[PDB]
Amino acid sequence: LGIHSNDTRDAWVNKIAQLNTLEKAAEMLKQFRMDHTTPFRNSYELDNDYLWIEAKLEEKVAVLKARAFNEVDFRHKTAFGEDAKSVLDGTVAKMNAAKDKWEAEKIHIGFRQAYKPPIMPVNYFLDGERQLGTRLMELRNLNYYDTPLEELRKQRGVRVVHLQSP
Amino acid sequence: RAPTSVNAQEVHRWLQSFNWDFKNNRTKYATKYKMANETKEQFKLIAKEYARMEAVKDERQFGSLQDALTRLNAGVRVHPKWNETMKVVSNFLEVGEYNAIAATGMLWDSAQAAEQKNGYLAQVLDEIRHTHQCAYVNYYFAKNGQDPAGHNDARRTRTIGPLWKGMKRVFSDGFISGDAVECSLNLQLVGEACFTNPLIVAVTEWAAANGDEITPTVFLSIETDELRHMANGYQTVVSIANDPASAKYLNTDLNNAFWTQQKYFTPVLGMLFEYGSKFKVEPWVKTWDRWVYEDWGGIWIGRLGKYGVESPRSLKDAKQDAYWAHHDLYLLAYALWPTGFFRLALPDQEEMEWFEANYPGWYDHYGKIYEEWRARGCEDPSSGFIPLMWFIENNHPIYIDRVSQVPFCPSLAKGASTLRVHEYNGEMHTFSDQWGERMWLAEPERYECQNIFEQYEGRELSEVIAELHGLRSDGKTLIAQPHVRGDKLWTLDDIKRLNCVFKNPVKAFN
Amino acid sequence: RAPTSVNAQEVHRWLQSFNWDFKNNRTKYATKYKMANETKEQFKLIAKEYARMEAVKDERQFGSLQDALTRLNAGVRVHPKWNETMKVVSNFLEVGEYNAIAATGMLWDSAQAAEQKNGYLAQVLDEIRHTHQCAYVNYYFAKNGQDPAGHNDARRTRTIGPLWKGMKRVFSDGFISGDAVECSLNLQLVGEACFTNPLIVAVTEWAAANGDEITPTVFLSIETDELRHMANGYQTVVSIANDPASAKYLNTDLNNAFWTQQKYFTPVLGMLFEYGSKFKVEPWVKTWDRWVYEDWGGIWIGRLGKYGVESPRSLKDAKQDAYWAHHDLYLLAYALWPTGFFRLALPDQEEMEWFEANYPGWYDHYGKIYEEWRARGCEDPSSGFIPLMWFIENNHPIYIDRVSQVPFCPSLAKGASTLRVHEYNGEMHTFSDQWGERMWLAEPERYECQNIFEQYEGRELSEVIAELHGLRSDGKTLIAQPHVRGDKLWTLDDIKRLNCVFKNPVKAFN
Amino acid sequence: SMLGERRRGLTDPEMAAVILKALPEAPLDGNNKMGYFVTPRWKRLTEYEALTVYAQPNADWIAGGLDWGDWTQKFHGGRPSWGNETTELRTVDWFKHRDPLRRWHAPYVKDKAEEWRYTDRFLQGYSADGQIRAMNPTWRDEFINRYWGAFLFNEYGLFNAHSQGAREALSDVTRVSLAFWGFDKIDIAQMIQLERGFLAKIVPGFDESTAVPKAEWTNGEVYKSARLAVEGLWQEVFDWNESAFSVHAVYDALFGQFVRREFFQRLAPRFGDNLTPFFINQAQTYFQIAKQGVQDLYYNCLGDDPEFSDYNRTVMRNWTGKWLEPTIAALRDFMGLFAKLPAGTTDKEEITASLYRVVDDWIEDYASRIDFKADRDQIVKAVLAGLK
Amino acid sequence: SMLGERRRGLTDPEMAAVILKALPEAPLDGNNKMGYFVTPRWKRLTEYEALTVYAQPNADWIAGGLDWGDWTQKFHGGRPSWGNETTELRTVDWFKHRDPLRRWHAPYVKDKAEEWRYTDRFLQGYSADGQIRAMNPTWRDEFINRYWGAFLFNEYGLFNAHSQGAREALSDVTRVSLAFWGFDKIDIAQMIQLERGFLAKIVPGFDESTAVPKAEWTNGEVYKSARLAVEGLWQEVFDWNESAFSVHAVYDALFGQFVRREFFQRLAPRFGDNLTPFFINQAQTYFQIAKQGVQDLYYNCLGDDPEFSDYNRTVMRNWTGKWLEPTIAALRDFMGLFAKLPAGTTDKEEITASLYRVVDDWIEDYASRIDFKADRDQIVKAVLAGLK
Ligand SMILES: Oc1ccc(F)cc1
Ligand SMILES: Oc1ccc(F)cc1
Ligand SMILES: [Fe+3]
Ligand SMILES: [Fe+3]
Ligand SMILES: [Fe+3]
Ligand SMILES: [Fe+3]
């Protein structure tokens with residue numbers, strides 16, 4: 001009852017089985033990613049099982065989306081009815097209009113938490129990934145070491161709990 | 001009607017023209033650089049000639065292995081410690097070779113010139129070969145060795161221990177996750193040019209010294225393929241040297257690449273070499289200095305200067321933290337021996353003399369500790385003592401760097417002892433150096449790797465081992481051991497009866 | 001439309017039918033036997049598949065030699081005495097293998113059944129493989145060993161000495177000169193089955209015991225090909241058992257083949273094994289007794305009894321003469337050491353105990369002779385002494401068997417001490433046994449081989465050695481030596497000092 | 001020196017003595033089988049499986065993984081090293097796949113090396129045997145140096161189409177097959193050039209430059225539609241499986257198999273050209289080799305997945321339709337090539353019989369596997385509608 | 001036991017030290033090149049030469065031998081193991097010959113092994129690609145099964161013609177080449193059977209029995225004279241050189257090249273047969289490989305011998321005239337096979353041109369080398385008379 005098989009993981013296999021609606025499932029996944037993934041997650045209570053759980057949901061969402069959408073849609077329409085190409089072009093715009101890395105990083109991460117497959121089709125997702133990621137790095141790696149650690153910590157907004165250097 | 005044919009070079013002359021321009025003819029991966037579409041590769045090879053030169057090599061290699069080496073029982077007449085060392089060296093290097101497959105694939109996708117794509121392609125295939133070669137070593141030692149456990153299931157038993165996490169960083173994720181160029185620097189510009197290429201030769205040296213003729217037969221064969229990977233890492237810089245983004249980003253990804261790789265290998269390689277053997281070849285300090293400073297940081301990087309490449313700014317810092325790094329790490333490795341998939345041994349008398357001789361001060365620190373542990377019975381199953389206990393008793397916390405995954409103990413270390421702890425959105429993070437701390441502060445979403453204490457928190461030791469199959473065939477005896485002798489092997493029960501439960505060391509700051 | 005192919009046995013099923021009838025479709029060689037037209041072979045092979053299975057063996061063999069064995073310096077780390085022995089063992093077997101090429105081409109001509117022809121064909125290619133394999137051992141030892149001389153030119157330096165002559169009898173002429181069937185008995189039914197197959201394995205044992213891993217690598221590979229040659233020799237007996245002539249001549253030809261082979265290999269192999277090695281594996285006597293008496297005279301001969309095959313009528317004498325033969329011969333080989341292409345050594349103290357222990361009486365006879373020669377300074381270049389002289393002073397003439405070419409000294413030998421001297425049409429002939437004598441009396445025109453004494457008569461020793469290139473690359477030092485140490489090597493002039501002139505011992509008779 | 005200054009533990013008396021003294025009476029575990037925990041696809045575990053299965057360090061959150069936790073380092077943004085997010089297909093295990101030919105690196109390069117060495121031997125025999133004499137000057141300088149050559153850029157394009165898969169593949173067994181499928185494709189492209197290069201050495205005025213065959217590929221009308229299908233399969237698809245499936249179970253299975261087999265393999269002979277067929281023999285041997293791997297992956301494993309069988313088929317049927325149309329187009333534009341052939345070369349009766357072979361084979365080996373009910377007559381009709 | 005019972009001198013501490021102690025400080029001679037005394041054909045001595053030359057224990061009385069004295073045991077009657085009496089040709093050195101391909105056993109079986117394994121791969125790909133469908137049934141069942149099939153006996157007979165030379169060759173280099181020329185011939189006969197056996201597996205009703213092909217060979221008209229020539233070359237010639245020379249430099253160079261190249265290789269393609277050409281490629285590669293050895297031995301060494309050049313050319317000229325007639329006869333009867341083809345397959349002009357190609361290649365590659373005066377139109381005219 002720990003690493004690969006545990007009570008908590010079981011709890012979610014049942015919770016996902018009750019999902020029989022592309023709408024609901026797609027919603028839950030979206031919320032789940034907002035609740036447990038990335039450094040901006042709502043909490044870390046599921047840290048040890050979230051990656052596995054999230055996948056089991058992508059699974060339910062995939063199976064449904066397929067039995068719900070149609071040829072043309074499954075390839076260009078998100079699980080939220082949104083038009084992939086549209087969203088992609090939209091996020092890339094915001095990103096290329098980003099004033100700084102702090103703003104850019106928020107766009108990219110946010111993009112992933114919302115449109116990660118089975119939400120957005122893979123083809124558009126990874127293409128966005130290639131463009132968004134490129135922007136993020138360009139701003140971040142510019143004069144990477146100029147900001148001293150002391151100031152950088154304040155910028156990140158981290159709570160320093162301990163430091164020691166002889 | 002004279003007998004005529006056509007060679008690789010004659011067909012390769014037209015390879016560059018194989019690609020053609022058009023709208024979406026561009027890389028699918030995020031990068032800050034622009035690789036020139038007129039870049040050329042050094043070796044004019046075609047698929048068929050590549051297969052031939054590799055096949056000829058396989059013939060020699062496997063012939064030696066299946067014939068003369070088996071007849072000589074080369075799989076057995078190897079020192080126990082080294083048989084164990086090769087479980088890690090071969091399998092850990094295998095994952096490196098394996099992710100190198102995806103890396104050069106990603107690199108192949110990045111390059112636009114047909115020749116540059118062809119270069120990476122040759123490596124994609126080479127890395128597959130190296131994956132199988134490393135696999136064959138463990139397979140051979142499992143089939144004919146003095147202790148198959150570990151060699152036979154490292155692919156899953158390596159997941160129990162903490163040293164494996166750091167390996168995936170430098171030879172897995174470091175190879176494929178991030179800007180294609182950054183991954184190239186970690187793989188070919190730093191990892192391969194500074195560590196892998198020199199390492200592989202070193203390994204055959206230590207191997208030979210300890211009776212191991214198997215690894216030399218395979219690794220030297222792997223070595224013959226490296227002159228191509230070097231050319232690839234070199235052509236990576238040449239293809240972006242004209243792009244303006246280069247002068248603005250290159251040395252940053254490189255410094256981060258250098259620190260990343262050295263952070264792991266400096267302590268890990270020296271440890272495997274000096275503590276995983278009986279007969280010594282050369283002190284790790286002398287080796288490191290030659291590799292990192294002279295060979296790489298001096299001659300190699302110097303030739304790339306004309307392309308705007310400078311010595312990593314973290315160089316002097318690395319040399320500072322290096323001296324005792326491997327010695328500091330083995331204490332943690334041995335203290336946590338039940339989490340490995342190999343058997344460790346404590347320095348014998350001749351070895352302690354060797355250590356003190358080459359590392360003045362070694363005995364008064366590491367030596368005394370090892371003798372204390374041994375006298376207390378760390379080797380004997382009936383003692384009820386595992387060195388981790390000693391760390392708890394003397395309040396010496398062991399942490400895992402959130403970035404490099406390298407274990408470190410600031411209160412006991414003789415080398416670096418800096419420690420930075422932070423909290424962000426409900427999660428604590430421990431860092432062992434300023435470079436890693438910066439990497440995390442700047443790219444928080446790139447480093448969310450859970451550490452062993454976090455995942456094993458609250459779990460009793462023997463329960464984690466049994467779940468992850470840290471057992472030998474009899475279903476009771478542990479794969480890992482605190483000695484390398486044939487008698488008095490520790491069993492799962494010997495561990496259960498101790499009631500060791502994992503704790504997250506960071507919570508002490510709460 | 002499923003993936004399908006065709007294998008060797010599927011094509012072989014129709015091979016027997018490849019041959020067709022026509023007036024002159026008959027063997028071109030003389031023979032008293034008629035090989036059955038419907039005879040079949042044991043292994044259903046075709047050229048393609050034969051090539052493939054041999055090519056796989058070559059990969060392992062050459063792989064071991066070129067890589068691991070070369071890295072281990074296996075060519076050097078062999079006892080000096082054995083390095084010398086392999087000069088003779090490998091080159092002499094090379095000729096056996098070579099003549100076996102023409103021998104089987106002749107059997108292939110004799111066979112009328114497509115399948116029996118194909119069986120021999122496979123050996124023709126095998127024998128070429130074996131010639132090149134044996135040549136490779138000398139090639140390897142010359143390139144990587146402690147003494148290339150002899151290894152690098154045995155094909156011409158072997159012609160200087162008397163031991164080579166007998167070799168061409170049993171493994172050259174005895175393989176191709178005479179009735180095809182007679183030749184097959186010498187080669188397969190006796191040669192290989194009784195001596196070669198057990199020999200090849202025995203040689204690999206003596207080799208390993210003396211540090212040689214080169215020979216085991218090659219010879220053990222040659223051994224995997226001997227299964228097919230055993231079937232050929234066996235099918236020769238079967239392809240003629242239904243012929244009325246078989247009952248009249250089979251046993252006569254078998255008895256002669258038996259004696260021919262035994263007469264030479266009994267004393268020469270034992271000599272090479274016991275006197276050409278440091279570490280002993282087994283006393284030649286028991287080895288012989290097992291091979292000739294059990295494994296062959298009983299096991300192998302009993303199976304062929306159903307075809308009219310009986311047990312060699314000379315087997316009794318062969319055993320009675322066996323016991324000391326090799327000891328008798330080494331005295332001669334050492335006494336005539338300047339006529340070889342290898343270096344010889346006197347038995348050391350440890351060895352004399354071994355010899356005496358396994359052959360009581362060895363010391364009072366051979367032991368004392370060697371001790372005297374040592375005292376006379378036989379190993380020292382300034383002693384002006386060569387054992388031949390000792391035979392002169394003590395009136396112990398050395399004769400050469402007109403038939404077997406085996407040198408013998410009847411007044412000193414502990415084995416056969418018989419001597420028959422005849423005069424026929426203005427020529428003298430010396431025989432050493434009643435079987436060789438019968439052969440010559442009945443077949444004078446088959447045995448006209450001139451011996452070394454006849455060809456060298458009136459010639460000064462050093463002139464013969466110089467004419468036949470018996471020197472090392474310095475153009476002065478002798479290839480042959482009376483000791484295996486690295487210093488004080490006899491030179492051509494040291495032989496000249498001595499002014500030794502050859503004489504034909506038979507000229508004394510009136 | 002003769003002995004070397006370096007002492008080796010296997011042969012040095014002092015060192016070996018120490019080694020031997022430390023050895024245990026017997027092996028510390030009787031299970032000497034590496035990969036003993038792998039589920040065999042056959043009777044007993046094969047060398048191919050031992051050396052390959054689980055080499056990829058995936059954690060359990062990626063179907064089949066045996067490791068745990070997140071990757072140590074990721075892409076700026078948070079993108080994982082390998083993730084479920086790179087392909088529409090889902091499965092209970094990404095390690096179920098097995099190459100029926102069981103090819104790990106060694107066997108692979110061994111086989112290709114033999115082909116290379118024989119190829120060289122063959123070429124030296126062809127040129128020496130003057131077999132070129134019975135070769136039609138037109139076919140040589142036109143259909144081979146222009147239309148055959150141009151087809152190399154086709155294979156090359158399908159080669160590159162594998163680049164992303166080589167990076168994104170979710171398992172060792174699938175990554176190795178993919179890599180071999182693409183490596184074989186570029187091999188063929190180089191073989192096409194090899195011949196054009198050979199012809200150059202024996203034919204006084206034959207020009208080996210790719211100038212002509214390229215322009216024909218980039219501007220020609222024969223391949224135009226085919227070149228567009230390639231570009232898309234390569235640079236417009238970001239899903240490694242979609243790329244592998246579509247390229248092998250659609251495009252190359254139809255257009256490719258036709259251009260190679262039904263056109264050059266079936267006509268080159270008629271012009272006294274056994275040279276080209278020598279190479280096509282290789283390309284077809286490769287095709288049938290890759291086909292078995294493709295079938296096992298998308299049908300035996302994905303299509304028949306114990307949990308996502310219906311789901312995957314839906315996606316593959318979808319992908320089939322998606323690319324079946326551009327494939328038809330590639331063919332149509334190719335049909336306009338018989339027109340450049342001298343009269344009598346072939347008639348609509350044959351061209352039809354061949355097309356139906358391709359389509360029938362395609363339906364028999366691929367289409368019917370995922371239940372992609374298709375119409376043979378309609379398809380052939382649409383393609384055939386491209387003749388003069 | 002894990003360590004075993006047998007102790008080895010290379011790894012056993014005690015024994016190795018005993019061995020190491022007896023070793024000299026350096027090699028007792030610095031000449032580490034086996035065969036150093038052999039006169040190199042090329043710039044440097046080759047591994048092929050070192051491992052082969054002088055392996056045959058000839059005495060100086062057989063041109064080029066380094067030994068001395070008679071053989072130890074001869075045949076009843078006195079015949080020597082090897083001797084000058086077994087061939088009419090004379091030379092200053094029987095060891096001068098060199099296989100231009102420098103083939104010793106290892107390279108030889110290596111190359112043949114590659115061809116074998118690739119052949120297997122080729123067939124499986126061929127059957128899997130279903131290419132057999134477009135092959136003309138008549139060509140398949142009549143010309144491949146019967147006529148191509150009967151030719152195996154021709155190759156088999158030529159293989160057998162080498163049996164005496166394998167026994168009588170006067171040197172190692174010549175013996176090895178001869179053995180390889182004959183082994184390649186039996187391989188081809190077996191590849192003809194292999195093809196038939198393969199067809200029986202993918203063609204319902206195809207009988208792989210050799211009964212039909214054999215009856216065609218032993219009693220048919222088409223190969224009547226071919227069989228008479230082969231029976232003669234094989235069993236009526238006792239001179240190992242007359243055999244090898246006449247086979248490769250007369251009969252196979254004219255008849256064999258015509259059948260393999262100008263008939264089957266030339267026409268199989270016209271009937272949708274890409275299968276037979278695959279095997280003929282091998283046969284033709286083998287032919288060109290042997291030709292190099294054949295030219296070196298008979299022209300470079302014997303025909304141009306510094307002392308016996310005139311003599312040897314006179315003799316070979318004699319042999320060419322002796323075997324040119326039976327060879328023309330064999331070609332003449334073979335002309336009968338053209339009448340059996342479907343109307344429109346080929347015509348008198350194509351057939352004549354193909355004959356001139358074989359005759360012209362022969363004149364340039366063989367006849368002219370010994371100044372044999374051949375009249376191409378006279379030879380072709382004589383053969384054409386066989387056209388029904
Ligand atoms: O033999 C070994 C194995 C692991 C390690 F960390 C040190 C030495
Ligand atoms: O080492 C040797 C070599 C020849 C011989 F006859 C005995 C021993
Ligand atoms: Fe590598
Ligand atoms: Fe590499
Ligand atoms: Fe043999
Ligand atoms: Fe044999």
# chains A, B, ... in the order shown; residues from 1 in each chain; ligands from 1
>>> interface_residues(of="chain B", to="chain C", cutoff="10 Å", atoms="only C-alpha atoms", output="VMD selection string")
chain B and resid 56 to 69 71 to 72 208 213 to 214 216 to 217 221
>>> residues_near_ligand(ligand="ligand 4", cutoff="8 Å", atoms="only C-alpha atoms and all ligand atoms", output="count of residues only")
15
>>> interface_residues(of="chain E", to="chain B", cutoff="10 Å", atoms="only C-alpha atoms", output="ChimeraX atom specification")
/E:2-4,7-8,10-11,288-289,361
>>> calpha_fit_rmsd(fixed="chain C", moving="chain B")
0.3 Å
>>> residues_near_ligand(ligand="ligand 1", cutoff="6 Å", atoms="only C-alpha atoms and all ligand atoms", output="list in words")
residues 81, 82, 84, 85, 271, 272, 275, 276, 333, 342 and 344 of chain B
>>> write_last_selection(atoms="N, CA, C and O atoms", output="short mmCIF file (atom, residue, chain, number, x, y, z; two decimals), in the first residue's frame")
data_model
loop_
_atom_site.label_atom_id
_atom_site.label_comp_id
_atom_site.auth_asym_id
_atom_site.auth_seq_id
_atom_site.Cartn_x
_atom_site.Cartn_y
_atom_site.Cartn_z
N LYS B 81 34.11 -6.91 -5.63
CA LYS B 81 33.73 -5.51 -5.61
C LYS B 81 33.47 -4.99 -7.03
O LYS B 81 32.50 -4.26 -7.26
N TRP B 82 34.32 -5.38 -7.97
CA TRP B 82 34.15 -4.90 -9.33
C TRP B 82 32.93 -5.51 -10.01
O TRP B 82 32.26 -4.84 -10.80
N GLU B 84 30.25 -6.04 -8.68
CA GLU B 84 29.16 -5.18 -8.17
C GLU B 84 29.20 -3.81 -8.84
O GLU B 84 28.17 -3.26 -9.23
N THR B 85 30.40 -3.27 -8.97
CA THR B 85 30.56 -1.96 -9.59
C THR B 85 30.01 -1.93 -11.01
O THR B 85 29.39 -0.95 -11.43
N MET B 271 33.72 7.77 -6.84
CA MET B 271 33.23 6.82 -5.85
C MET B 271 33.27 5.41 -6.43
O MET B 271 33.84 4.50 -5.84
N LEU B 272 32.67 5.24 -7.61
CA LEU B 272 32.64 3.94 -8.26
C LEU B 272 34.05 3.40 -8.45
O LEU B 272 34.32 2.23 -8.17
N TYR B 275 36.06 3.32 -4.60
CA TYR B 275 35.42 2.43 -3.64
C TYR B 275 34.84 1.15 -4.22
O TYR B 275 34.54 0.22 -3.47
N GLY B 276 34.68 1.11 -5.54
CA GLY B 276 34.13 -0.08 -6.16
C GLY B 276 35.18 -1.04 -6.69
O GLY B 276 34.89 -1.91 -7.50
N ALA B 333 26.17 6.63 0.52
CA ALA B 333 25.84 5.43 -0.24
C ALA B 333 25.87 4.19 0.66
O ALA B 333 24.94 3.37 0.65
N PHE B 342 23.09 -3.58 -5.43
CA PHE B 342 24.47 -4.04 -5.50
C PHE B 342 25.05 -4.14 -4.09
O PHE B 342 24.48 -3.60 -3.14
N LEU B 344 28.08 -3.46 -1.34
CA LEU B 344 29.19 -2.58 -1.04
C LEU B 344 30.18 -3.17 -0.04
O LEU B 344 29.83 -4.07 0.74
#
>>> residues_around(residues="region 13-19 of chain C", least_positions_apart="3", cutoff="10 Å", atoms="only C-alpha atoms", output="PyMOL selection string")
(chain C and resi 8-10+22+25+37-41+44-46+112-118) or (chain E and resi 152-154+156-157+160+189-190+193+197+208-211+214)
>>> select_by_dssp(residues="region 456-496 of chain C", states="strand (DSSP E or B)", output="PyMOL selection string")
chain C and resi 460+471+477-478+481+491
>>> write_last_selection(atoms="N, CA and C atoms", output="short mmCIF file (atom, residue, chain, number, x, y, z; two decimals), in the first residue's frame")
data_model
loop_
_atom_site.label_atom_id
_atom_site.label_comp_id
_atom_site.auth_asym_id
_atom_site.auth_seq_id
_atom_site.Cartn_x
_atom_site.Cartn_y
_atom_site.Cartn_z
N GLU C 460 79.37 -30.79 -45.24
CA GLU C 460 79.67 -30.27 -43.91
C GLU C 460 78.38 -29.67 -43.36
N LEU C 471 68.71 -20.17 -40.77
CA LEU C 471 69.17 -19.09 -39.91
C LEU C 471 68.09 -18.07 -39.57
N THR C 477 72.71 -16.41 -36.53
CA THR C 477 72.24 -17.31 -35.47
C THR C 477 71.33 -18.42 -35.99
N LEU C 478 71.56 -19.63 -35.50
CA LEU C 478 70.77 -20.78 -35.93
C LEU C 478 69.33 -20.70 -35.45
N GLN C 481 68.17 -24.72 -31.76
CA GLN C 481 69.01 -24.51 -30.59
C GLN C 481 68.91 -25.72 -29.69
N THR C 491 75.55 -20.14 -33.24
CA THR C 491 75.57 -19.46 -34.52
C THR C 491 76.07 -20.43 -35.58
#
>>> interface_residues(of="chain A", to="chain B", cutoff="10 Å", atoms="only C-alpha atoms", output="ChimeraX atom specification")
/A:1-5,37-45,47-49,101-102,105,109,126-145,147-149,152-166
>>> closest_residue(among="D:87, D:39, D:131, D:145", to="chain A", atoms="only C-alpha atoms")
D:87
>>> atom_distance(atom1="CA of residue 107 (chain C)", atom2="CA of residue 215 (chain C)")
29.3 Å
>>> interface_residues(of="chain D", to="chain A", cutoff="12 Å", atoms="only C-alpha atoms", output="number ranges by chain")
D: 58-71, 74-80, 83-92, 164, 168, 232-233, 235-243, 307-322
>>> atom_distance(atom1="CA of residue 110 (chain B)", atom2="CA of residue 180 (chain B)")
7.1 Å
>>> closest_residue(among="D:271, D:143, D:366, D:183", to="chain E", atoms="only C-alpha atoms")
D:271
>>> residues_around(residues="residue 474 (chain C)", least_positions_apart="2", cutoff="12 Å", atoms="only C-alpha atoms", output="ChimeraX atom specification")
/C:149,469-472,476-479,491-492 /E:28-31
>>> residues_around(residues="residue 97 (chain D)", least_positions_apart="6", cutoff="8 Å", atoms="only C-alpha atoms", output="list in words")
residues 173, 174, 296, 297 and 301 of chain D
